[PDB]
């Protein structure tokens, strides 16, 4: 089994305040489950080859997704911003598989990714533990 534990840091009140609005798990590698402990979020997966997505909404209406998973025994991550309301995590998560339009990010197996939304909000996923079955990463909004 693999687990990915996330700590969420929000740096700039000017960007508004984000909260989780959805949490999905892909069905490969025997699925997996989200859990919360001590303000953190952990995705536990049955093995290598699946992932999960947290969607956040800010109190200013901004919608963004954070994807994390394990591909061929190495961690990966992605962030998608500027989402329309109909673009739920339920739509986003599957797009990393079956030759979908986000599969290329999963294939990169990134230990760190950052992007700034068109409206000017910075997002970063940075793994602090990058190897093994017990992975750790910070998610930073700014």
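Numbering follows the first chain given and starts at 1.
- Once the C-alpha B-factors are averaged per stretch, 7 to 15 and 116 to 124 rank with 116 to 124 first.
- Between 62 to 70 and 32 to 40, the higher mean Cα B-factor belongs to 62 to 70.
- Annotation for residue 54: CA B-factor lies in the lowest third of the chain's modelled residues.
- Looking at the C-alpha B-factors along this chain, the one for residue 130 belongs to the highest third.
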